[PDB]
Structures are given as structure tokens and as C-alpha cells.
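Below are two forms of the same protein chain, given as C-alpha cells: structure 1, then structure 2.
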Structure 1
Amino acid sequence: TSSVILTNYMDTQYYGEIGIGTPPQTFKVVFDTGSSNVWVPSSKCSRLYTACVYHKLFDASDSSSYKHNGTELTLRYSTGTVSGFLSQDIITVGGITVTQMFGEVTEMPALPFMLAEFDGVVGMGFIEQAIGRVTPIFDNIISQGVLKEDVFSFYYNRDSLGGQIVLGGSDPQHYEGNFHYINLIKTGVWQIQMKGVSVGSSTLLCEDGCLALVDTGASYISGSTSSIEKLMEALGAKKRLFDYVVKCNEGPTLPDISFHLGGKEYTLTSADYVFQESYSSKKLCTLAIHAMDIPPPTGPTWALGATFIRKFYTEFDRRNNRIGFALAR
């Protein structure tokens, strides 16, 4: 077992540090169970790409261990199609060193990569969804047969450690009660069946069922715009330019949102999904939820991000293709 300390940036971004190359080129990265690739901006990334001007660039010509590949990797992020090329090098993750192939982004839109406090993504997803079919970092750690267990866990603190990922297990110090596991529907994705979503006292959503992407990478909880337009209106959520809000002084009265997974009800009190910046009546306060129309095969599917994870310590169990959730502590 190895644990990676995470920095919690305004409850929207939880990222850690990986070292890449010889010598180790440090990168602040989000460990994303929603993606299966390692992406870091390339030193080859044109200075024109703003996301690159203000971010740690990986310089291959600075690493003695670098193993060129060149294979161009691409992925459209409904904001722009980012592109880089495949590269190989030793990546250190919480004391664990692994030869890992990753993408160096050479081209990527400002939004939202420009606002990232971190420089890259450590895809924790499955290889089934790894662009270029590149073997994921954790699959690469598993291969080492050093981890005490084929699982990694997430602890996203409620700001102020900012968070904590445990490679190989889970930290009892960060959850309480017991893990209630939901199985992974389609294998190859950290997604589980969801028996509806409730609003205070009314199962008026996801009725009949729906899918939930347990995305450690997503800042918020999301679902099809339909579900969110429904949900947000049912809360009194008055939509803004993008995210929905609600008068601060009225955030504490908003009803409890619950997600049904594994025969257990996962409730988010209003203090769980509202960014209670203040309690004034004049200022508006945002909700840790938004509409994310995720495209198939995985989508449409709700996505339980940091908002969800913050309250429920999460465990991604590979060996058993299931996800554990326990009261984050």
C-alpha cells in the first residue's frame, strides 16, 4: 500500500503529485477514475496554448529515462479536441515507481485546462477506455504485484490533508461505518447502477434506474441536462450563465439529495452540495452540481464527483469489479 497526499483547491480540484522522468519532473495531477490515461502538457506544447503557458510542462529532453514513442493521441473534450503524443517514462506515484506510457498534451483548448491548479490527469479508469489502448498507470502498478490489494481509494477532505488516495487499500482513518459495495455494471468503467435519485421526500428522478459514474476527477455531481433541469428546479435552483445557484441565506433549507446505490441511500444534506460561501441574502451561493451530458457508451450517466466523494470515502476495487462507499471521516 501507498498513499498519495492530495491538495484540495476550493473543493473543486483535488490533485496530487507524480514525478515523471530522470530526474523526476513533478506534476500536480488529478487522479481521475473517469479517464484511463495519463496526460500532462508537453514541453512541445506551443506557448500559444494558454493552458500551457501557465502549467508545468514535461520536457522529454530533460529525462534520461524517457522512451520516445511519438504515436499521436487525440480526444475531443466538448470544448476542444486536445492532442498530444504517446511517451514513455518512469512515473513516481506515492513512492511507487512505474514505467508508464502517457500523453504529453501539445495542443489543448484554454477552457477548462487554463483554470486547472494542476497540470495533468492520472487516469484511474480501465484500459478498455484508454485512448491508444495505452496500459493505465494503476494496471501498471498492479503488474508489480507490490500492492497489498488490487484497489485504490479516495478521500476528498472538506477543505481547510486536502485529500488522500490510497493505492493498494483504503485508510480506515478516513471513513467510518462499513463499506457498502455496489458492483460495476459494464466492466471497464468505474460506473454503477443507480436505483434513482431522491429529493428530500420524493423519488422524483432516475426512477426506473440509471447509471452513476463514480468520477474522482469530476468537481461536482452531474447527470443529463434533463435530470439536472428537473432536479435544480425542484430545489429552487435558479440557473446562472452555467452552474445553478440559490440565495445563500436559503442554502441550508434546500432538501436532501439522495442517490440509491447497492441497497443503501446516499444522502447529501444541503451542506454537502452547496458552496455555502456565506449566509447573506444579497450574495448568491453555488451548488456542487451541474448538467453533464456525457456521450455513450458510458453516457448518458450521472457522475458522482468530489461533491459525492467528500461525504463518502470511496473505494475502487479492481479484483472484484466493485466500488465501496463509506462515510468519509
Structure 2
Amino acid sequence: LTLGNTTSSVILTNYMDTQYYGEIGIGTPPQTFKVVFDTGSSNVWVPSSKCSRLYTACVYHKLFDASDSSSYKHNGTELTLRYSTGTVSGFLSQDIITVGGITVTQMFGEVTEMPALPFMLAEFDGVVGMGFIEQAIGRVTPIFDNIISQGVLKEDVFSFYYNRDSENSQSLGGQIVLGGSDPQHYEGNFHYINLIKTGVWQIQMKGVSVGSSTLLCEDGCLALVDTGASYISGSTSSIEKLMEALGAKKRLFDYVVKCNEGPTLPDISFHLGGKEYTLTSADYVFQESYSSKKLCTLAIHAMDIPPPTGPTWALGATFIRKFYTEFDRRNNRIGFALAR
């Protein structure tokens, strides 16, 4: 390891409280992309100029064109990246990547196959995996390990702030700090849990309360802390018992409640380290209306994550909006503080 004096921040955009992304530059001169920063994956990719326009997703996103980069280095190795909600495929390339102030030589996927569902619903183009090299497809070095290698970051950590959405332009959608936290977006103290293992941003969860009754994950279970997931997710069995306690109808791939019922829905707590992490109804309901004649989506959905990672709860954007999150690679722990 080597610690310098820099921290660097990335400004994020917030789309409808479901997508949080910022800007990176790839190549010389820079080609800019909107990318999700995702603690649940370890690869960088962006759509490629070599993606058939019969993939409608490649008609609607920014495409990396290697033929316009004087700093491109060929590799060409095929890879497939499986995400919870979809899959992309392409080949490895190397170029210079601009993220915050920071310039790093990085191996990434040029995606040539990008399915309409879900990528036509993406405001972002690509992904910067903030996971460990142990999960990296093609054993490629993740961008954060390559940034640590430079020895410029004050600390071997990064931090996520996800804001509530705005009707304003002037709202900061979110912020990643590389090498630190920003005390301007949290208050009180960080409270830390140690990872199960190095190699996955996953921690032990001791319980899940729905009011006063600890009626879920009663023994113990796993929480993946997933900056790239929109929702809080548990296992189909876990959720159908959560969603019974709340009084919510199962639809295709979300649960709903009558909009008028939304505000009187109970608190949901998550026991992590020595602290209860409590979300109000306002925190997990898309309160779009108060009518008995409309339906309102919950920001807790059902996801069966396959082994070895799973089966596990995932704490995504619904949870990070309330709790500023620090990802400590030096001490293999996660710190939560109350976001402001």
C-alpha cells in the first residue's frame, strides 16, 4: 500500500430515485459515458461502436469507438457479465479512464450485445464495478485497485451519498468520494460492520423487524451492500412474508399497496453490528398519490441471488439514501452514518 494526500469526488445524477450515475472519460481525446458505480460487480464496461444497431439499446447509448482513441490498446478477449436484471457480452480493451480528477490506465469491456430489457430503460450507458478482484470476470484488475496502486488517495476507502430526487435542477443527485468521506453529507458517527470475507461487500445481518415483531431472518442471514441496485431485496420466501405483514399485492417484478395505505405502513429495521437501521414508510414507498384508486410501488422487491454470493438480502439505493456508506478496503469493513 501507499497513501498520498488526494481525495476526488464524482458528482452523480439521480433519475427517479432508481438510477444514480456519473460521468467518466475513456480514450484520447476523452469519449464521455454515464456509468453506475456498483459495489455488487467488479468489471468496467461501456457499449461499443462494434455493437450491431439491431441491438436497439446500442442505438440509444454512447458507444466507445476505439478507432478515435490514440491511447487504445487491443486485447480482444471475450467476456459475459451477468447482472441481477440482465446480461451483457463483448470483449476486453485497454485505454485511459478519467474519473473525478484521476487518470488511470484500465482494462474494460466493450459491450457488443446489450438486450433491450433492461438496457433500453437505462439512463446510464455502462458500469464501473467497485467490487473486489475476486469477483472480476476475466480476473481483470478493478478500477479502484488500479487507483490505489498510484498511491495518491489519502485512504484506501470510498463513500456513497445518494440524495432524494428533486423537482429542481440545483439538487445534487449524489456524490462518490474516492479516498475519503464528506462530512457535509452525514452526521453523528460511523458505525462499522466487518465483511464476512474480503472479496465481497457483504456483511452479517442479525435480524429484520416489521414493527415490534422480529418476524424475519430470525437466526441470521447475509446483507450485500449494493450501490448498483435500485431497491432493498431479499429472497422470494423472505419477501412474500414481508409483503404479507405490509398487506401488499404481488405484481410481475414489484410489490404495490393502495396509495392511501402507504403512509400508515410500519417501520422496517435491519439489525447490523450493534445498531438498528430503521426505514419509515416515507423511506420505502413511492408515495406518488394518496388515492385509494391508484397503486403505489414499494422500493423493496424480491431477488434470489445465486451462490456463492447468495442467498442474501441486498441493501441498495433505498437504504443508502438514509445511510451515508463508507467502503473500507484497508480494514475490510463498511461504515454507516445518517445522511444529510
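We call the rigid core the largest set of C-alpha positions that still match within 1.5 Å between the two forms. Only residues modelled in both forms are compared. Along the sequence of structure 1, residues get numbers from 1 upward.
78 is the only residue from 144, 78, 202, 173 whose Cα shifts by 2 Å or more between structures 1 and 2, the rigid core being superposed.
Superposed on the core, the two forms differ at residue 244, whose C-alpha moves 0.2 Å between structures 1 and 2. On core superposition, residue 279 has its C-alpha offset by 1.7 angstrom between structures 1 and 2. In a core-based superposition, a mobile segment is defined as at least three consecutive common residues whose CA atoms each shift by 2 Å or more; between structures 1 and 2, just one such segment exists, spanning 75-82.
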